[PDB]
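J.: Supplied in structure tokens, the structure appears directly below.
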Amino acid sequence: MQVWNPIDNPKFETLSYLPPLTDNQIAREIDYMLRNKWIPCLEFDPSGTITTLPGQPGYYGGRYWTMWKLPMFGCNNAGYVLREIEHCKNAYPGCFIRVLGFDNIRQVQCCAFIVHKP
Amino acid sequence: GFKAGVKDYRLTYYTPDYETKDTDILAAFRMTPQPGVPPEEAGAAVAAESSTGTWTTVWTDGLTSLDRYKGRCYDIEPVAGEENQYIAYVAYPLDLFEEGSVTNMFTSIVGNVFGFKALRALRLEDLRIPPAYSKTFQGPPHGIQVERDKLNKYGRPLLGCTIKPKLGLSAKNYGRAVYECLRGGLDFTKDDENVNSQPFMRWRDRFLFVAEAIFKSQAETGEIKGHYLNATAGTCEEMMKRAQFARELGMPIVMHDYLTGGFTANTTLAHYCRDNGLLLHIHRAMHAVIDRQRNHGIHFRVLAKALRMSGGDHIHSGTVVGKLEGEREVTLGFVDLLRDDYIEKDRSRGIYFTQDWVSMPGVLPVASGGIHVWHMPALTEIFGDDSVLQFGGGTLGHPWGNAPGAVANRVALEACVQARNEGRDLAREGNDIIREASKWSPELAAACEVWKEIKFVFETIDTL
Amino acid sequence: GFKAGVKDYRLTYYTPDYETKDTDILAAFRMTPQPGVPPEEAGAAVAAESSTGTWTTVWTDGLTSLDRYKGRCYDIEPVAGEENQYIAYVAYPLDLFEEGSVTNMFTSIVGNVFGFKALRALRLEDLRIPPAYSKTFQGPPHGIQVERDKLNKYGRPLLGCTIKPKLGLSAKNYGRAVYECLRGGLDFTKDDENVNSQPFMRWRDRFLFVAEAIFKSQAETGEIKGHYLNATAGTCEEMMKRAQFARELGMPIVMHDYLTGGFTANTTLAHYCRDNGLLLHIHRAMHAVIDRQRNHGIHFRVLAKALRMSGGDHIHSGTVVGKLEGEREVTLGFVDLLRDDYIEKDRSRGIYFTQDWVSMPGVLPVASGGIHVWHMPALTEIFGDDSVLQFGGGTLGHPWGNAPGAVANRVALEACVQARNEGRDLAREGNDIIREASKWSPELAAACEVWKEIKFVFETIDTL
Amino acid sequence: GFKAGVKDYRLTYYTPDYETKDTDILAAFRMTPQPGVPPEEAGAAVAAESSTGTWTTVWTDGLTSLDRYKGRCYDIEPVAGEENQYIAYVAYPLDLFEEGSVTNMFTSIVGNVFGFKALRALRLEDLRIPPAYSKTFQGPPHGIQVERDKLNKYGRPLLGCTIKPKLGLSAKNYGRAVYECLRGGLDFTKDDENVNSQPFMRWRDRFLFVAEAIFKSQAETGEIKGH
Amino acid sequence: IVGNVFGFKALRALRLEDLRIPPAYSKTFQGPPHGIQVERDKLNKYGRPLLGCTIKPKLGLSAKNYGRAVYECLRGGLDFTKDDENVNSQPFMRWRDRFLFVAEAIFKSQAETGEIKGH
Ligand SMILES: O=C(O)[C@@](O)(COP(=O)(O)O)[C@H](O)[C@H](O)COP(=O)(O)O
Ligand SMILES: O=C(O)[C@@](O)(COP(=O)(O)O)[C@H](O)[C@H](O)COP(=O)(O)O
Ligand SMILES: [Mg+2]
Ligand SMILES: [Mg+2]
Ligand SMILES: [Mg+2]
Ligand SMILES: [Mg+2]
């Protein structure tokens with residue numbers, strides 16, 4: 001028998017229960033979004049906590065982050081998304097960073113994962 | 012003039028050359044006449060006694076127009092592989108139904124014709140709802156897209172678990188097995204269908220002990236969590252009281268059994284849940300008394316399209332491999348009717364008509380019943396994302412506890428998602444993926460060894 | 012200790028030597044196992060998954076007492092005249108049900124076991140309700156004896172008629188065919204099951220035009236009259252609004268369809284009707300989708316005992332001779348369960364248990380569905396007094412009108428009552444009585460000549 | 012991609028070859044363009060600023076589908092007997108309106124386009140309402156046939172009269188000129204449009220004095236009366 | 120004043136220009152709820168005109184995308200934001216879902232610049 005640790009063990013949603021992500025396995029999740037005609041984007045925030053309200057169902061605080069420049073409309077090669085992450089990392093070396101995708105026909109996001117931690 | 016007596020049914024209600032309108036409801040029946048009865052008199056006797064008709068002539072028929080208020084049979088075909096079996100088509104005018112009622116439609120179409128002395132069997136397969144009739148319903152309270160945004164969860168299917176034993180636990184022990192499950196990796200938790208309010212555990216102090224575990228497990232992992240609370244009751248005044256106490260505590264979701272509770276009580280809860288911001292989960296109980304046999308009853312593909320009109324955000328839909336009966340092609344056919352906006356005719360899956368929904372939101376399907384970690388690659392290829400997966404005894408039956416038994420259910424799903432979105436075959440492989448994954452996780456190699464040789468294989472009864 | 016794995020069902024839930032208590036609920040099932048499954052594993056798999064049980068072992072079983080909260084099978088017998096068919100008996104503890112709910116009992120007993128992969132059929136026949144469980148229900152609002160005193164009618168069965176055509180009449184023509192029927196000799200009048208509120212006739216101005224004919228026909232003959240108003244609707248807020256406008260006008264009786272409306276909505280109308288002094292009439296619609304076939308479903312003798320506990324003053328029960336299917340012995344067996352206070356075991360009529368009702372009021376049965384004046388002597392010997400008889404097309408299809416066609420239905424009943432309470436045989440005779448009576452009444456000789464050669468004779472499907 | 016600037020209206024909203032659906036609302040306009048403006052730019056400038064459109068390009072247009080939420084002009088004809096006058100046809104998708112509101116339809120179709128600097132006149136003539144949109148309204152409370160049956164009057168037109176002078180009568184004199192009219196052969200009587208509640212006659216004691224004349228004139232001729 | 124006289128057969132045109140309301144008739148009305156001076160004091164803004172912006176495209180956006188184009192506008196220097204005149208409650212965006220997603224952006228943009236905001 002083994003015991004799961006309850007102290008100082010945060011998690012960050014999808015893909016966060018697997019071993020850490022290498023640089024190769026990152027440019028395989030972008031070629032899957034490009035093969036279905038979706039639109040990449042970037043975000044960053046200094047904190048990651050969640051707050052509530054006394055008696056209002058379905059209201060949570062801390063779900064919006066800040067957008068880097070603009071969505072990349074009409075992008076075909078995966079070498080530009082990788083270069084923009086490096087520009088984002090030098091300006092704010094003390095924030096989290098996330099990668100998103102957009103489906104414009106059903107109006108809903110399709111992916112999300114973390115690429116940098118403070 | 013007026014002439015009293017008895018007449019045949021095929022002199023008014025059998026019209027073989029008729030062109031239908033785009034404002035009509037259509038139905039398809041499979042029937043078996045008794046010996047000595049023509050296949051057309053029996054067909055005309057089904058349209059007559061559902062709209063306007065009786066066994067004799069009356070004088071009040073001449074005070075109104077009957078060709079304007081009558082139903083009529085227009086097509087009959089024989090089944091291949093049966094001496095005496097046929098399929099009949101019937102059309103209904105629009106001005107016969109009340110706007111906003113699911114009760115009236117079922118009272119009219121199926122209320123008296125199943126028990127005639129001149130028949131041996133009858134089954135209803137499909138219906139068509141014109142866009143001019145579905146615009147008078149509210150529909151699902153939120154939908155699929157408005158529910159994925161409140162919870163902030165994108166890119167993978169959702170996960171859950173139900174609490175066991177079914178009955179016999181107290182109120183403080185019931186909420187201690189919720190915290191350990193939710194803190195290990197799951198998203199939801201649930202009551203059983205028959206846990207309402209009973210001498211060993213009353214309803215009001217369970218709602219309070221469950222709400223204390225969600226807050227403690229939410230501040231420890233940094234993710235949003237929830238639990239379905241059951242609002243089924245014996246009267247409406249009691250069902251409305253248990254829905255107002257979940258709103259004061261700030262809970263997101265509730266439950267209801269819509270076939271033993273009724274269709275009138277399910278359209279009031281749906282209206283309440285829209286005006287106050289709650290989510291609704293629907294459980295199909297007592298559905299196999301009607302749906303199981305091939306030659307008598309109502310198919311579930313018909314009971315599915317009434318829920319989408321009445322209102323709901325989730326629904327159970329069964330599994331292909333498990334302890335309960337189901338078929339692959341029929342399931343793949345009626346999931347499409349639940350999730351999509353335009354569906355075409357495909358007789359290889361059991362669809363008789365073309366259906367449009369003119370922008371009504373879709374519903375999420377739920378798969379449950381006797382499934383463990385070896386079925387993971389097979390349940391991801393059939394349903395994909397946009398679905399919910401539930402393990403009740405495959406979580407609480409782990410040899411180490413409730414929390415270790417929820418890490419093995421999340422690692423096995425993420426390991427399959429990563430392999431799928433890389434270009435691998437989830438049908439030929441699937442054993443190798445789990446076998447490779449159970450090498451850096453010691454909680455998966457333990458669950459992989461107790462349920463290694465468990466399968467359910469029997470014959471099927473329906474067979475399309 | 013705790014040992015994880017999979018076990019057989021017959022190691023805990025099969026107890027062949029058990030003596031039942033007088034505080035237990037009992038059930039009888041007829042089943043058909045799949046090839047390669049012992050008849051005792053299948054019986055134990057039905058008791059396990061209805062109270063407490065699942066497909067694997069869990070660690071929380073040891074936090075409570077299981078022999079105290081479990082169901083168990085104790086008797087199995089084989090059917091004579093079949094290879095693969097058996098009868099199983101199951102007992103349930105009292106602390107498993109919620110007091111005052113018909114919904115909970117059906118959710119527990121029949122919610123998941125009908126669709127197992129290791130079965131081909133299953134049917135429920137009977138139940139036993141101990142006196143310690145039926146004392147928590149209200150029951151019928153008034154009863155049989157409190158209803159015969161408000162109306163001042165003693166010594167003969169009651170009479171009625173329904174209005175045809177089913178759909179397509181306006182609101183002023185609908186109330187003109189009521190006055191002519193009620194002024195000729197009838198006691199009641201009725202709507203059809205699918206007349207709720209529709210573009211050709213809305214509900215609020217029909218309630219007003221019908222109330223004007225009752226007052227005019229009651230002051231002309233000096234007898235009390237009535238009409239069943241239909242209160243079925245799409246939500247509860249609208250069903251509760253049509254019941255207050257009937258009380259505001261001073262009407263005695265209303266209607267409801269309790270199988271397409273639901274069990275939760277039928278227990279609040281019953282509570283309202285007791286608190287405000289109204290009478291309730293119940294229509295069994297959509298009942299032959301479940302009850303018709305011999306090897307799958309639920310018998311109507313079970314659905315009657317739930318209505319008696321939920322609440323109602325009338326109920327439909329079918330006829331022996333007509334256009335709908337029924338059997339003499341089964342009907343004579345389940346009428347006794349509706350009208351009496353103590354009933355014993357009789358396997359020649361289909362009763363498996365002994366039932367006691369400890370002073371709950373009875374319910375009146377109603378016969379309808381395609382009967383004319385030649386069936387009168389046969390319907391008086393079977394039911395006697397304490398029943399209702401309805402002729403819809405046998406009244407409105409008379410060659411002279413609505414009022415002449417209601418004198419012939421009253422003369423024929425009184426002529427049979429007088430002959431019965433004189434010592435004559437109503438089975439050998441009955442033709443001579445009608446033939447003698449149609450000599451001082453010219454309205455009976457006219458109806459006796461249009462329906463002389465009309466009978467319904469086909470084969471029966473159930474056959475006890 | 013995204014390119015900022017100003018563009019013509021006839022590059023997206025003028026589709027001369029389009030076949031309409033049976034689930035669409037249709038409108039007909041008569042217009043008069045200002046000098047130096049083609050008759051096709053002006054037509055496309057009316058469909059654009061009623062559903063989706065503005066005077067410049069924005070970046071949020073690419074987050075959704077625009078051919079699915081846009082209105083479009085499909086037919087233009089000239090009026091006979093006028094140098095500068097035309098008729099334009101515009102179609103609207105169904106998912107743009109709220110069910111059960113007459114306010115929303117008029118706010119969308121006619122709310123801003125009548126006061127553009129590049130026009131001199133504009134008039135709306137007709138509309139078409141599909142059956143899938145009128146089924147969400149209640150409609151008339153009773154109708155024509157349910158009202159002739161409550162009053163028991165068949166075979167001839169109805170008759171009425173309104174009371175004069177318009178303003179300046181007291182509450183007791185107002186109700187004695189009703190009895191004399193109703194007892195002579197009329198069926199109805201009426202107030203004027205600007206009699207609500209005023210210092211010379213308040214509303215609550217006029218409702219009572221009028222109800223006393225109907226009862227007296229109804230028991231004298233044996234016919235139903237009203238006001 | 121204007122209910123029947125515009126459509127007489129003995130006229131071809133008619134237009135109304137002005138009116139005069141005596142002080143003995145306007146004293147029976149309530150008037151503006153707050154005014155100009157009671158509104159500049161609740162917001163603490165003196166010495167310059169106010170600024171705003173409306174959201175485009177007019178119709179066709181969802182409820183989560185509608186509220187993330189409000190935060191970016193309000194955090195850059197504006198004071199107000201606005202709906203379009205024909206955005207009430209429609210199949211692509213219902214009214215109760217939008218009132219909640221808009222209220223989440225105001226709180227996040229008000230705690231970052233230290234000024235009062237609205238919509
Ligand atoms: O009672 C049960 O069996 C379950 O709680 C599953 O428990 P386990 O995971 O322990 O088996 C589900 O409610 C049924 O599967 C519903 O069936 P369906 O969805 O097919 O209608
Ligand atoms: O719809 C009908 O047929 C009836 O109105 C009878 O009309 P008629 O007298 O004109 O035939 C009755 O509701 C059914 O008989 C009910 O059946 P049951 O009581 O057997 O359930
Ligand atoms: Mg369950
Ligand atoms: Mg009927
Ligand atoms: Mg006037
Ligand atoms: Mg505007």
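Chains as they are written, first to last, in PDB author numbering: chain O, 1 to 118; chain E, 12 to 475; chain F, 12 to 475; chain D, 12 to 238; chain C, 120 to 238. The C-beta atom is built at its ideal place from N, Cα and C for all residues, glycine as well.
With 7 Å as the threshold, decide whether the Cβ of C:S208 is near any Cβ in chain O.
T.: no
J.: Do E:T243 and residue 487 of chain E count as a contact pair if the criterion is CB distance below 7 Å?
T.: Since the first residue of chain E shown is 12 and the last is 475, residue 487 of chain E is not available in this structure.
J.: Determine the contact status of F:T63 and E:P176, defining contact as a CB-CB distance below 7 Å.
T.: yes
J.: Could you spell out where the alpha helix (DSSP H) holding C:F218 opens and where it closes?
T.: 214-232
J.: Along chain O, in chain order, which residues have C-beta atoms closer than 8 Å to that of E:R167?
T.: Neighbours of E:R167 on chain O, chain order: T14.
J.: If you measure between the beta carbons of D:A102 and D:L170, is that distance less than 7 Å?
T.: no
J.: O:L70 to C:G186, Cα distance in whole Å?
T.: Our two residues, O:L70 and C:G186, have alpha carbons roughly 16 Å apart in a direct line.
J.: Quick check on F:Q304: buried or exposed, where buried means 16 or more other Cβ atoms within 10 Å of its Cβ?
T.: buried
J.: Could you name the residues of chain E that O:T66 contacts, counting a contact when the two beta carbons are closer than 9 Å?
T.: Here the premise fails: no neighbours, minimum Cβ distance about 16 Å.
J.: Are the stretch 344-354 of chain E and the stretch 139-146 of chain E touching by the rule of at least three beta carbon pairs closer than 8 Å?
T.: no
J.: Counting C-beta neighbours from all protein chains within 10 Å, is the total for O:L82 16 or more, i.e. buried, or is it exposed?
T.: exposed
J.: Mind checking the stretch 449-470 of chain F against chain E and listing, in chain order, the residues whose C-beta falls within less than 9 Å of any C-beta there?
T.: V461, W462, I465, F467, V468, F469, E470
J.: My output table needs one value for E:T275: the three-state DSSP class, helix, strand or coil.
T.: Secondary structure at E:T275: helix, using DSSP grouped into helix, strand and coil.
J.: Per DSSP, what kind of secondary structure is F:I98 in: helix, strand or coil?
T.: strand
J.: Suppose you measure from the CA of F:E191 to the CA of F:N413; what does that come to, to the nearest Å?
T.: 6 Å
J.: For the stretch 209-221 of chain E and the stretch 84-97 of chain F, state whether three or more C-beta atom pairs, one from each stretch, are separated by less than 8 Å.
T.: no
J.: Using alpha carbons as the reference points, say which of O:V3, O:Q56, O:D31, O:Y92 lies closest to E:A257.
T.: O:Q56
J.: Pull the bridge partners of O:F44 from the DSSP assignment, please.
T.: O:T66, O:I97
J.: When we look at the beta-carbon of D:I120 and count the other beta-carbons within 10 Å, is it buried (16 or more) or exposed?
T.: buried
J.: Going by DSSP, what residues sit across from F:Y353 in a beta bridge?
T.: F:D367
J.: Give me the Cβ distance between E:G403 and E:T173, rounded to the nearest whole Å; I'm assuming they're in contact under 8 Å.
T.: 4 Å
J.: Helix or strand or just coil, what does DSSP make of F:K183?
T.: helix
J.: What number of angstroms, rounded off, separates the C-alpha of F:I326 from the C-alpha of F:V206?
T.: 19 Å
J.: Just curious, the alpha helix (DSSP H) that E:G405 is in, first and last residue?
T.: 404-407
J.: Any contact of the stretch 78-87 of chain D with the stretch 25-43 of chain D, i.e. 3+ C-beta pairs under 8 Å?
T.: yes
J.: For E:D324, which of E:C284, E:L130, E:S61, E:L335 has the nearest alpha-carbon?
T.: E:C284
J.: Alpha carbon to alpha carbon, what distance is there between D:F220 and D:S228?
T.: 13 Å
J.: In chain order, what residues of the same chain have a beta carbon less than 8 Å from the beta carbon of E:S370, not counting five sequence neighbours either side?
T.: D352
J.: Can you name the residues that DSSP bridges to O:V108?
T.: O:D103
J.: If contacts are defined as beta-carbon pairs under 8 Å, then F:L270 and F:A296 qualify, I think. What distance do you get, rounded to the angstrom?
T.: Contact check for F:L270 and F:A296: beta-carbon distance about 6 Å, within the 8 Å limit, so the pair qualifies.
J.: What do you reckon, is the C-beta of E:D203 under 6 Å from a heavy atom of ligand 3?
T.: At least one heavy atom of ligand 3 is nearer than 6 Å to the Cβ of E:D203, so yes.
J.: Under 7 Å Cβ to Cβ from E:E392, same chain only, skipping five residues before and after it: list those, please.
T.: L437, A438
J.: For a contact defined as C-beta to C-beta under 7 Å, what are the partners of E:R159 on chain O?
T.: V108
J.: Please go through the same chain and pick out, in chain order, the residues whose beta-carbon is closer than 7 Å to the beta-carbon of C:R194, but skip the five residues on each side of it.
T.: Within the same chain, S228, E231, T232 come within 7 Å of C:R194 by CB-CB distance, once the 5 residues on both sides are set aside.
J.: Is the CB of F:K183 under 7 Å away from at least one CB in chain D?
T.: yes
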